[PDB]
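What follows is a short report on a single structure.
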Amino acid sequence: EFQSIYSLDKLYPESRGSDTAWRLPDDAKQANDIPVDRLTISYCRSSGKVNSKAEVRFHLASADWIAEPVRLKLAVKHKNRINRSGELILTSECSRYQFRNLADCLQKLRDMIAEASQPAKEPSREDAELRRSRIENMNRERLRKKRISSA
Amino acid sequence: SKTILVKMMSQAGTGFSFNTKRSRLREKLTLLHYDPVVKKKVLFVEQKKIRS
Amino acid sequence: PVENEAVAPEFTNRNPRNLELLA
Amino acid sequence: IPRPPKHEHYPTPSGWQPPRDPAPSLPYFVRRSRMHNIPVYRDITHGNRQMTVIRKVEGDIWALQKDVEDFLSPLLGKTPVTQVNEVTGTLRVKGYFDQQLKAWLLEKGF
Amino acid sequence: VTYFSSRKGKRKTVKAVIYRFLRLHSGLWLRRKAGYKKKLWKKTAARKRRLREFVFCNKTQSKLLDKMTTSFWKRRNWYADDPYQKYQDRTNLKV
Amino acid sequence: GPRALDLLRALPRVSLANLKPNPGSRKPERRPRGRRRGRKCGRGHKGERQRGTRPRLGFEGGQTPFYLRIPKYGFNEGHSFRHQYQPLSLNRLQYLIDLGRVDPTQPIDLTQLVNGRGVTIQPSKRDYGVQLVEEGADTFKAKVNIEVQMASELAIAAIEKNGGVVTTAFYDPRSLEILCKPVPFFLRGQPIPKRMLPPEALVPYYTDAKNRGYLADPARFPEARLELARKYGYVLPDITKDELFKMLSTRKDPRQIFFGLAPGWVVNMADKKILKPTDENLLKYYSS
Amino acid sequence: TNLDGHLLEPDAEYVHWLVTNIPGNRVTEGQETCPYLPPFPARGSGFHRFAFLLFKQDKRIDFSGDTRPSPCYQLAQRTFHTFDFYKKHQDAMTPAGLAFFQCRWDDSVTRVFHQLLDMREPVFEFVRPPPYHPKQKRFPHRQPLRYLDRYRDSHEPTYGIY
Amino acid sequence: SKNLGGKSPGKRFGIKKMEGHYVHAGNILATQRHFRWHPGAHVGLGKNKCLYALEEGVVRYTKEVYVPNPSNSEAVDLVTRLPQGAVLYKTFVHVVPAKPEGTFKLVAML
RNA sequence: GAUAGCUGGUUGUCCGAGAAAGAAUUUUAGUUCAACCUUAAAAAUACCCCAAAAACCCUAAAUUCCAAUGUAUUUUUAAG
RNA sequence: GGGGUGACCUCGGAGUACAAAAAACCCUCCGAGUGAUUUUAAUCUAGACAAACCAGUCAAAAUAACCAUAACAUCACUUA
Ligand SMILES: [Mg+2]
Ligand SMILES: [Mg+2]
Ligand SMILES: [Mg+2]
Ligand SMILES: [Mg+2]
Ligand SMILES: [Mg+2]
Ligand SMILES: [Mg+2]
Ligand SMILES: [Mg+2]
Ligand SMILES: [Mg+2]
Ligand SMILES: [Mg+2]
Ligand SMILES: [Mg+2]
Ligand SMILES: [Mg+2]
Ligand SMILES: [Mg+2]
Ligand SMILES: [Mg+2]
Ligand SMILES: [Mg+2]
Ligand SMILES: [Mg+2]
Ligand SMILES: [Mg+2]
Ligand SMILES: [Mg+2]
Ligand SMILES: [Mg+2]
Ligand SMILES: [Mg+2]
Ligand SMILES: [Mg+2]
């Protein structure tokens, strides 16, 4: 009931009720990205280093909250982390808190979605680790260039 | 043949000086040093004189 | 389970050129 | 100190658990602390001597010592070194076994 | 060291050690290398890095500093954004 | 059970004539008397050590001492002006709530914590209140209206996931002493003073919505809560639809110290009365 | 024969294509004892060796023990020991041809593992031994402040009782 | 009187690790004023002619032929001045690595 | 009750273990560290140590590091 | 090898000190209190030498710029 010159009501006259800080502005964000209810989240606490691995599995083909080109780009690029049952799986082991581990998994998913959604991706590759593969491919095509019909 | 101690400042704009020994009978010193602020090879010119 | 699913996590590569090719 | 509130599920989220309603038939009773915790602490001496102290024991403390040695023998492969203060009602095991002894006393219902 | 003061009868502490030393709660004392600001043009980059690096004290010097400091400097301090808060404790010390 | 009580029957009466301390509780003092402990009495031969004139501690026999050869560097420079915050883990808070020391049905404050013996605040040691850490954020299942001075993002998120309210307020040393020990202050005979504002070093921390500052704009609180929820992957509960929403949303005035009381009131605990000022200058000074 | 790639036994090898009783040069006319199987090296452990060995024989060797079925997708049945094979067929067979090549993992090994072998693709990694640190001292004399970080279990603040 | 400055401590120039000692990476094998022991396999060379281990293993000491750098003029001149059957031999210190480079562990069976 | 790194003196019994000096110092009549030693406490390797190994013009007695073996000692922690 | 006079006081090399290390004398001899030149020679960090302490020494991996193959500045007994 007490009031002063520095009270919140006298400091910010735009918001005077006590319930303005407890509203749920669903209109601000209507996209509703990452529907966590549709994700399979598992925690494995390995102790003895002590760390809680978080594993986020979700069916990529059944993921309808992303566009079809985005899903195709995911299935093309991140096929190394896609289960044989089609379930894309992300894993985090950095922090000991499952909260931070799940946050890291969600951030990885956000980066993947953004990289597959932006069309300005130039697909830049490194050089220190790719020069060897390039030389090996050239030296193997130097032998593959034989032209003789068979089969 | 007495030497001289001169403090040379970078020419890449960032404040970074280093001291070096030089000959007294020589002209104003100007070298190419490494500036860790810009991480490049920057020209360093003789700015001040500290010790004889 | 699947009889082919045995993995024996300690995989031994007796190829003397393996690490040399892997740099 | 207020008595702990009754919860619908045990153990509580903080890992606390009250004793059993009846008393066990063991010839000894490890009375809870004034904060309703198990009186199993750890002690350090000379900077390198690590001991575990079980306090607030009422009854045949030799039976508790025997049970503690029978419980700690398979973990170390040998009988652990123990001291029994009978006039105080205190057991002192050589080593850090506080968590294991707490879990053991919880299973025993103390 | 004044073991018994004249006003309060308490034990005093020397201020030089608190001016040029830092005590971690685990008993370790942290200090700077002597000469890390003297004639930097005459020294090699490796020697300059060795001088700039912090260093610990051994058992005798640590006990000496504990004798010269009071109990106010051996307390647990919870500072806001303390860089040495991660070093205030000791882990995996199998003695 | 206590067979010693039955053994005491055959033993004679316990009196002041048969009383012995514990063996080893009293190390006997030894005096410089006899053939062994005499004859220089543990001091040695001539010099300064037998005559009791050896130099002070840091002295090394004229050599420049170790405690003076090391260069001065700022390690404790301004240590008596660094704000200290006693840490309180969510694990310890859950332990207190589960053991019944603090009640989640009421707004939890520093006074409630010190009453429940969860934290000990030494304001003379530059302590500035309690900070919240996240050491037990995984198993925190309590819905409380917590009031701390500093909080971490993980702790705030762990409290919001259960559906509580976190708020970081400021207390100058005098108000902190009063809030920690209110009864010793009520027995003092002084009116409740005003709560001083945080300095410029802490104003950006307490006027920020991400820190849930008590001086922050209440319009930005739901946005920050939604950001924390979408970052940590938990659904933000409808706090306004709770039966204890009044207790969850109860607040303190930035000039107020206690709940329900006001600056300028005198609590007469002998007669159970509250003397309130009526003077216009008194009221203006106490409400400024 | 695939020398590296057997997941269970280290001292054993895999069969990929065994065809005996070749009349002269016509390899297709000879009966294939083991149907052809594509190389399936794991993703982590790379650069396996695959060797074609050609043996010349005198008699018409007939065997029912070394025969493989027509699908032949069982890794337990596709386990070879060239030493024992040559010990069994040492009287007639004599090795005269050899051609070995290296092979690493590509995007078809997942297909070979899933469709043909009916398995999950095993992924390995080249881990390194942990770095050596001396016994931690009580008073590390003249050591840098980062001495205490070499023996840290995790870079997370742990508040014991607070 | 006339002879001054002859007082100087020994620089402790010697061999730290002997043959058979299990050393770690960075362990100084031997310090020297002049080139007495030459580095061989997995043994580095500091600018003060000191020898340190680059790998973790067992130290060995061998006698091996000496082929100098074609730029070191003094050594090349001595080489070309040697007779037709002469071969320079030196004492080399090696480190035979014991631990393997790494192992292949199964991280995920997807 | 000045101060003395200087001299002198320093009061019961018995038992256990038990030290001859490297470095600084207006320091060599003294102190402070190290190495020894005492009292407790944690551990595990401790001495003896055959091969093999330790430089180039000549170089003795012998050293360093090491298995086995014969013994039980040694290292850290806290007070000194 | 009493003090006084004379000489010395810090650092490095060789012998004493023959082969791991250390090792004194008002012991026998050399020297240093810097010059010349350009490759102007970084950050961070495992692990080690040496050492009472203070100080002194090396150094793998990783990082920014130059060959896309070196960077320890070099020489003056290089040690001072
Ligand atoms: Mg204790
Ligand atoms: Mg005494
Ligand atoms: Mg006395
Ligand atoms: Mg005596
Ligand atoms: Mg006498
Ligand atoms: Mg005497
Ligand atoms: Mg004397
Ligand atoms: Mg006397
Ligand atoms: Mg002096
Ligand atoms: Mg406190
Ligand atoms: Mg000499
Ligand atoms: Mg000397
Ligand atoms: Mg006197
Ligand atoms: Mg004296
Ligand atoms: Mg021998
Ligand atoms: Mg031995
Ligand atoms: Mg004489
Ligand atoms: Mg004179
Ligand atoms: Mg040493
Ligand atoms: Mg490098």
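If you take the residues in the stretch F:93-129 that are charged (D, E, K, R) and within 14 Å of chain E (Cβ to nearest Cβ), which one is nearest to ligand 2 (Cβ to nearest atom)? Per the criteria, the residue is F:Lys125.
Applying the criterion of being part of a loop (DSSP other than H, G, I, E, B), more than 14 Å from every other protein chain (Cβ to nearest Cβ) and surrounded by 11 or more Cβ atoms within 10 Å (Cβ to Cβ) to the residues of the stretch H:19-34, the residue that is farthest from ligand 8 (Cβ to nearest atom) is H:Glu19.
The set of residues from the stretch H:83-110 being more than 13 Å from chain C (Cβ to nearest Cβ), assigned to a loop (DSSP other than H, G, I, E, B) and within 21 Å of C:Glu20 (Cβ to Cβ) comprises H:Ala98, H:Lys99. Applying a threshold of 7 Å to beta carbon distances and a minimum spacing of six or more residues, or different chains, the list of pairs starting in the stretch F:23-46 at a residue that is more than 14 Å from chain D (Cβ to nearest Cβ) and ending at one that is away from ligand 3 (no atom under 16 Å from the Cβ) reads F:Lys40/F:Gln50; F:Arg43/F:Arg49; F:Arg43/F:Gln50; F:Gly44/F:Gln50.
Answer yes or no as to whether H:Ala41 is in contact with a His (Cβ under 6 Å, 6 or more places away or on another chain) and away from ligand 2 (no atom under 16 Å from the Cβ). Yes; evaluated as a whole, the condition is true for this residue. Looking only at residues in the stretch F:18-68 that are polar (S, T, N, Q) and out of contact with any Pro (no Cβ under 8 Å at 6 or more places or on another chain), the one that is farthest from ligand 12 (Cβ to nearest atom) is F:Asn22.
This table checks each residue for (1) over 30 Å from G:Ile161 (Cα atoms); (2) touching a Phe, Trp or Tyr at 6+ places or on another chain (Cβ under 6 Å).
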residue	(1), (2)
E:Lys37	yes, no
E:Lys42	yes, no
E:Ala45	yes, no
E:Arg50	yes, no
E:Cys57	no, yes
E:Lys74	no, no
E:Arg90	no, no
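Restricting attention to the stretch H:52-110, the residues being closer than 20 Å to G:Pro131 by Cβ and aromatic (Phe, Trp, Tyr) number 2. Could you grab me the full set of residues in the stretch G:134-143 that are near RNA strand J (Cβ under 10 Å from one of its atoms) and more than 7 Å from every other protein chain (Cβ to nearest Cβ)? Passing the criteria: G:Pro134, G:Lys135.
Does A:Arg142 fit the bill of being away from chain F (no Cβ under 14 Å) and part of a helix (DSSP H, G or I)? Answer is yes for this residue. Could you tell me which residue of the stretch A:29-58 is surrounded by the fewest Cβ atoms within 10 Å (Cβ to Cβ), considering only residues that are in a loop (DSSP other than H, G, I, E, B) and at the interface with another protein chain (Cβ under 7 Å from one of its Cβ atoms)? That would be A:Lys49. Summed over the stretch G:144-162, the residues that are surrounded by fewer than 15 Cβ atoms within 10 Å (Cβ to Cβ), facing another protein chain (nearest Cβ under 7 Å) and not in a loop (DSSP other than H, G, I, E, B) give a count of 0.
Residues that are closer than 17 Å to A:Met112 by Cβ and within 15 Å of the chain's Cα centre (by Cα) do occur in the stretch A:43-55, at least one of them. Of the helices (runs of 4 or more DSSP H) lying entirely inside chain E, those carrying at least 2 residues that are under 11 Å from the mean Cα position of the chain (by Cα) are E:15-20, E:59-68. Count of the stretch G:74-133 residues, restricted to those that are hydrophobic (A, V, I, L, M, F, W, C), more than 13 Å from chain C (Cβ to nearest Cβ) and either surrounded by 13 or more Cβ atoms within 10 Å (Cβ to Cβ) or closer than 30 Å to H:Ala25 by Cβ (or both), is 4. Restricting the search to strands (runs of 3 or more DSSP E) fully inside the stretch G:17-109 and requiring at least 3 residues that are under 17 Å from the mean Cα position of the chain (by Cα) gives G:48-56, G:94-103. Residues in the stretch E:40-79 that are within 14 Å of chain B (Cβ to nearest Cβ) and among the hydrophobic types (A, V, I, L, M, F, W, C): E:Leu40, E:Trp41, E:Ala45. Step by step: first the residues of the stretch F:231-284, then only those that are assigned to a helix (DSSP H, G or I) and among the charged types (D, E, K, R), then the one that is farthest from F:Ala157 (Cα to Cα). Which residue is that? Result: F:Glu280. Of the strands (runs of 3 or more DSSP E) lying entirely inside chain D, those carrying at least 3 residues that are within 27 Å of F:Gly116 (Cβ to Cβ) are D:40-45.
Within the stretch B:22-51, how many residues turn out to be assigned to a strand (DSSP E or B), surrounded by 12 or more Cβ atoms within 10 Å (Cβ to Cβ) and more than 7 Å from RNA strand J (Cβ to nearest atom)? Residues flagged as assigned to a strand (DSSP E or B), surrounded by 12 or more Cβ atoms within 10 Å (Cβ to Cβ) and more than 7 Å from RNA strand J (Cβ to nearest atom) within the stretch B:22-51 amount to 9. For the stretch A:59-114, the set of residues classified as surrounded by fewer than 15 Cβ atoms within 10 Å (Cβ to Cβ), of a type in the set (A, V, I, L, M) and in a helix (DSSP H, G or I) consists of A:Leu72, A:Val76, A:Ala114, listed by residue number. Pairs linking a residue in the stretch G:86-115 that is of a type in the set (S, T, N, Q) to a residue that is assigned to a strand (DSSP E or B), with Cβ atoms under 7 Å and 6 or more positions apart or on different chains, are G:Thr94/G:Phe55; G:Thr94/G:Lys56; G:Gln102/G:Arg49. For the stretch F:57-78, state whether one or more residues are surrounded by 10 or more Cβ atoms within 10 Å (Cβ to Cβ), more than 14 Å from chain E (Cβ to nearest Cβ) and more than 16 Å from ligand 1 (Cβ to nearest atom). Scanning the stretch F:57-78 turns up no residue that is surrounded by 10 or more Cβ atoms within 10 Å (Cβ to Cβ), more than 14 Å from chain E (Cβ to nearest Cβ) and more than 16 Å from ligand 1 (Cβ to nearest atom).
For the stretch A:63-118, what are the residues that are closer than 16 Å to F:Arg230 by Cα and among the acidic types (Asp, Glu)? Within the stretch A:63-118, A:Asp104, A:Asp111 qualify. For the stretch A:73-109, enumerate the residues that are farther than 30 Å from G:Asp153 by Cα and more than 8 Å from every other protein chain (Cβ to nearest Cβ). Hits for the stretch A:73-109 are A:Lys73, A:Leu74, A:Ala75, A:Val76, A:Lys77, A:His78, A:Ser85, A:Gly86, A:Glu87, A:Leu88. Applying the set (1) farther than 30 Å from E:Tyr36 by Cβ; (2) away from ligand 7 (no atom under 16 Å from the Cβ) to F:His45 leaves exactly one unmet item: (2).
Scanning the stretch F:39-70 for residues that are of a type in the set (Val, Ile, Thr) and away from ligand 8 (no atom under 16 Å from the Cβ), we see that the one that is nearest to E:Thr69 (Cα to Cα) is F:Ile70.
Out of F:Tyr171, F:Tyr232, F:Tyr214, F:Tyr206, one residue alone is facing chain A (nearest Cβ under 8 Å) and either under 24 Å from the mean Cα position of the chain (by Cα) or at negative phi (or both). It is F:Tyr232. Can you tell me which residues in the stretch H:35-52 are in a loop (DSSP other than H, G, I, E, B) and more than 12 Å from H:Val95 (Cβ to Cβ)? Those that are in a loop (DSSP other than H, G, I, E, B) and more than 12 Å from H:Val95 (Cβ to Cβ): H:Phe35, H:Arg36, H:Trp37, H:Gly46, H:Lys47, H:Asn48, H:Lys49, H:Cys50.
Here, each number is a calculation from the coordinates, and none is a lab measurement. Note that each Cβ is placed from the backbone with ideal geometry, even for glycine, and that neighbours are counted across all protein chains shown.
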